Structure formats: structure tokens, C-alpha cells
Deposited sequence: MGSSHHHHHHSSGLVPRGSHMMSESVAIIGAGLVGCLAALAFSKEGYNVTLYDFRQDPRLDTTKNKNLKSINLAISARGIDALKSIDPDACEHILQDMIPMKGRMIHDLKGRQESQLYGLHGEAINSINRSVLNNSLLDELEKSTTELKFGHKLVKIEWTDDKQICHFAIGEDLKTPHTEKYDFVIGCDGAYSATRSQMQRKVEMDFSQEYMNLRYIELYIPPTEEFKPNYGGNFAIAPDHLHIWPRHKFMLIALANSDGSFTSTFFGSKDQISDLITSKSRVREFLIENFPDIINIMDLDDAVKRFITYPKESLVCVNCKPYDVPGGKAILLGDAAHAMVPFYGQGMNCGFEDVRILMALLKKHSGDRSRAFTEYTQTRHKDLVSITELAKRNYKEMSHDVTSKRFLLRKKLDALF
């Protein structure tokens, strides 16, 4: 009397979809080939950044799915009431916020959603790697690579397996899918701003700089940002071109001089010798942009959410927020159609694709104003 569902991917989007589906009564199994991140045996926690910005909407999405833990999950998240722009003279300026934004720890949020799933019907399959799907007109046979095979069968499948979605590949045999993938020159380095030693009254904690703002040091074709953490430290990220970075990392002192010159107001609060070490032992990461049409196999057999459907630019686009919104849109559609996945999924591709071609235009307009169009003397160096 209940339909069963396979969810491929236990990242932020995958879990949230598992929650929203248990909550509706479906029989959720959730797979990931990586190990349970909650076990410290796992070295690789698949953590792209230490923390993220979760918008009003992403909170609203997570709310409608798990109204309960939406507050024993979003506890320590820090609300940032605007941006703080840092010019080259270290001068810093508050620009208040249409939609608000909060700093939340990624590994924590990913782990909290996992826990919430144990308090529900959902079975969790870690160490399982989806490798093939056969498409019948009733139940879909999924094959896995543990450890060496295994299979299983399901009324329908959800691909939540990120940017190189195996589920997307399998779907591409069954459907004519417009597909595009682009690799950007954009690279990112993770830096760190330690907590001050003493409690700072004006900031409500051990924060070197204002924790209720998203700190941006906008330069020409590159950028430094910072977001507060609960302990007083800031997760900091450097974004620039692959070519800029690779010309820099050849000379240990070069990187150093680059930093001091472009971000003078961060030497006091950051450990510079280690900042250089971070830049050079920086792990190459492909950044891919992907698009998909449609998001689903006809007759409600399968669907794509998260990066699997639409991997966008870090920072300028908001992946996680969008994946969360995906789930909310999907469920609301399943209700309007009373459980008809075939008529729901179909409308999902219709309306989501409208949304997400406009969304990947506000991530270019955002690339434009903040990063490409930087020429003024306050944000650009003259030797």
C-alpha cells in the first residue's frame, strides 16, 4: 500500500529529500558510496567548504520538511545582516540587506539531517555505489558496488548524487536529455581566521571582526570572503582564476606579497605563513557547471535534485539553497496532484526549468557586479 523510493546521495540535498519522503509515508532507502561521515574512521568527509550561507528560503524549505529539528539543527547558525566590504585601504563598509542570510557549519548540518533520519523509517545504506539502473514500467532495478556486487528494486528513484551524477547517466539512456557541462577557471582556497583570545563585548564573542556581516574583499577578477563560526573564528575563502593561482603558487614569497598587498587588513587577524602554506598545498578541484532537461524519466520513474540537476558556481550561485528549494517545490507538487508522481515530476521539469534558467542568470549578474566590473581605485591596485 506504500510505494518505495531509492535516493542516490547523502549530501545536503539527498538527506533533505529522504526526510521529506519518509514524512510523506514513502519507503525510503538512502545510498552513498562514501562512508558515514559521523564516524571519525572516515578521513574524507566530502566537505567542499567548512561552512555555508543558508538563506531565508533554504531555512523555509528545511522548515516545511522538518519543522521540529529545524530549531535543534539551526541552533548555532549565525545571522548576517549584510555585507561588509573591505577596500584596499582596509576601509570597511556596511551594506545592509531583499533576503537575509545565516552562517551554518556544513559538516554539522549534514550530520544533523542524518540523525533526524534515524528517528524515522528510512534505512541508510552507506558504502553502496550506484553503478547501473534498469528501467522497467513498474519497478527499477538498481545495482551497487560495495566494499563485489548487489541489487534491489524500487517504484521510483531520486538522483541526489552531485555534479557527476551516475543517476543522471543512467537516466540518459532512457530519455533524450539536453545536457551541458562546463569547467570554470574558478578555483577556491580555504583560509582561516582564528578567534581572538578575549571575549569582545561589541561582537558577542571571540570575533576578530564583525560576525553579523558577510565579509568581502572584492578585487579585480578575484575575491576573499569570510563567515563567522560559533567559536569566534571565521571560515575564509579565496576565489580566483586557475591561472592567477598557479602563477602565484610557484614562489612562496610571491603568494605572501600578493596577500599583504591585496588584503592588508587581514595580516593582523590571520596567520600569514600558514595562509601561504594553504595556498600552495591547495588541492586542485574541478569546478563544473551542469544543466539538464528534463529532470525526470516519464511516468514518475526518476528525478534529479541538487547538483545532479544543476551544479552552479560557488558563491555567485547558491547550490545548497537551490537544492533545498528543489525538495520543497517537488513535494508541494506531489500534494497538488495527490500522489501522482508522473503528473508531478512532469510539472516539476516544466516549472523548475523556468526558475533555474533565470537563477543561473542572477549568478552571472552577481559575477558581474562583484567580481568582473571592479575598476575603481578603492578596490584595484595601481603599483
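Gaps in the model, given as deposited-sequence positions counted from residue 1: Going by the record, the segments left unmodelled (no C-alpha atoms) fall at 1-21, 119-121, 172-175, 412-417.
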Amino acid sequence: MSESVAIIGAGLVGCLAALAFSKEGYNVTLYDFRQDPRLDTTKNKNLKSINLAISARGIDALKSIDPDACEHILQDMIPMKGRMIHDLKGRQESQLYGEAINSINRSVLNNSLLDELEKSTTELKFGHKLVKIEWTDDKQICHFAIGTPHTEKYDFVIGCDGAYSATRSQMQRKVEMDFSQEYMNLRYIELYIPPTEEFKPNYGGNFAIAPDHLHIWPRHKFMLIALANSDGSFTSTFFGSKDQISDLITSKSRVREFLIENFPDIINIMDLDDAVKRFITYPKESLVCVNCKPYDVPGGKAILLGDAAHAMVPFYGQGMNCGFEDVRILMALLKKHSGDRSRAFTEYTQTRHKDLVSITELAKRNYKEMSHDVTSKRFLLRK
From here on, numbers count along this sequence of modelled residues.
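Each form is matched to the other, and the largest set of C-alpha atoms that superpose within 1.5 Å is called the rigid core.
Between 24-32 and 353-361, the one whose CA atoms sit farther away in 5 other deposited structures of this protein (rigid core aligned): Farther on average in 5 other deposited structures of this protein: 353-361.
More shifted region, core-based fit in 5 other deposited structures of this protein, 327-335 vs 66-74 by CA: Of the two stretches, the larger average C-alpha offset in 5 other deposited structures of this protein falls on 66-74.
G147 unmodelled in at least a third of other compared entries: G147: unmodelled in at least a third of the other compared entries.
Other PDB entries, at least a third, lacking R38: Across the other compared entries, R38 is absent from none.
Higher-scoring stretch by recorded Cα B factor average, 280-288 or 307-315: Higher mean C-alpha B-factor: 280-288.
Residue range whose averaged C-alpha B-factor is higher in the record, 182-190 or 117-125: That would be 117-125.
Highest recorded Cα temperature factor - choice among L47, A53, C322, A332: By C-alpha B-factor in the record, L47 ranks first.
Per the PDB entry, maximal CA B factor within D87, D212, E134, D296: It is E134.
Modelled-residue ranking by C-alpha temperature factor, third containing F199: Middle third of the chain for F199's C-alpha B-factor.
Chain thirds of CA B-factor: placement of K43: Top third by C-alpha B-factor.
Cα B factor band for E152 (lowest, middle or highest third within the chain): According to the entry, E152 has a C-alpha B-factor in the chain's highest third.
Ranked C-alpha temperature factor of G82 among modelled chain residues, by third: Middle third by C-alpha B-factor.
CA B-factor ranking of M370, expressed as a third of its chain: Within its chain, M370 is a highest-third residue by C-alpha B-factor, going by the deposited values.
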